[PDB]
């Protein structure tokens, strides 16, 4: 079995793309949530909150032949992957397209334009905006394919479109593909584009925060006064690479991936089950041949929903006890959906490298319904980790747990 390391990280997020910009934003303690007055267009959305990207600069040199197939979510994915490849030292590399780099990627949904066009085709038969490019922009695997095609990659495409589990399954399944010798390298990530329908998914479940006048004060993971999540967007990509290969070219190695656990609650489509969530974490620990005691920090899923936070806290307390430091980056960028597992893995590794762990924003009173954990808040925590864990729990009760090993 091959060992697997991370030699590239990048993305487009509500806090920026470079880590130094993101660190400053984390450190400044304001979230990226805003009012969305344009959503008055939609008939029946309660929430008027989101955490959009502060625009998105499509690079000038991108060729039409390639961009015709991309809506925003695929553009995000590609841009993320471009940044990660540069960071990994592969800018202009001629060899990565030879069939031994593959792509694992997904999103909750394709792009708005073709969803509108195909939906209207059903509604009225009209095909005005249905084109030969509509499917590839809508398709479940739009992100994975667009990323792969963009660098003329010829490896396997692993299409991990599993709503919020998209990015963490990408990482995990890419990791297993390298470990078992199918691919030498993998681009692995997740992405999402913000839209009204993307928000309606959670708003119709009453899972969304409706504090429409106080965007700076919501969401509030594990807080007693939380009232739901806030939807965000963007993408993040990790370059995973077989260990000897990385060593042989003298790559700067950000982390090693040592465990991945994945299961399902098999119970509720939305209402999470703590025991099976805990079991995902155990599976990861078993895969890493580690005791729970080895983990210095957990990066929560931490959506700020009522049941989600309770069930996650119990799952975590069950695996680790009350001593575990934990925080939720969704307090800053919201629930970035398809992107969340990749963005959170990335930032969790950045924090691990620097012995600096961001607090959960807007957590002032720990909800007594949540299990006692070491909820970092108020100020960042200095920890010197050998191992960290990042968890995600998704629609359909799909659970993932990733364990990263420190590399000095």
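Positions refer to the first chain, counted from 1.
Novice: Which has the higher mean CA temperature factor in the PDB entry, 338 to 346 or 43 to 51?
Specialist: Per the deposited B-factors, the answer is 43 to 51.
Novice: Looking at the entry, does 393 to 401 or 10 to 18 show the higher mean C-alpha B-factor?
Specialist: The deposited B-factors put 10 to 18 ahead on the C-alpha mean.
Novice: Between 141, 72, 323, 226, which carries the biggest CA temperature factor in the record?
Specialist: The record points to 323.
Novice: Identify, among 201, 300, 267, 77, the residue whose C-alpha carries the highest B-factor in the deposited PDB entry.
Specialist: Across 201, 300, 267, 77, the entry lists the biggest C-alpha B-factor for 267.
Novice: Using the B-factors in the PDB entry, rank residue 116's C-alpha atom against the chain and give the third, lowest, middle or highest.
Specialist: CA B-factor rank for residue 116: middle third.
Novice: Could you tell me which third, lowest, middle or highest, the C-alpha B-factor of residue 273 occupies within its chain?
Specialist: According to the entry, residue 273 has a C-alpha B-factor in the chain's highest third.
Novice: Relative to the other modelled residues of the same chain, rank the CA B-factor of residue 312 and answer lowest, middle or highest third.
Specialist: Within its chain, residue 312 is a lowest-third residue by C-alpha B-factor, going by the deposited values.
Novice: Ranking the modelled residues of this chain by C-alpha B-factor as given in the entry, is residue 330 in the lowest, middle or highest third?
Specialist: Lowest third, going by the recorded CA B-factors of the chain.
Novice: Sorting by Cα B-factor within the chain, modelled residues only, which third would residue 105 end up in: lowest, middle or highest?
Specialist: Lowest third - that is where residue 105 ends up once the chain's C-alpha B-factors are sorted.
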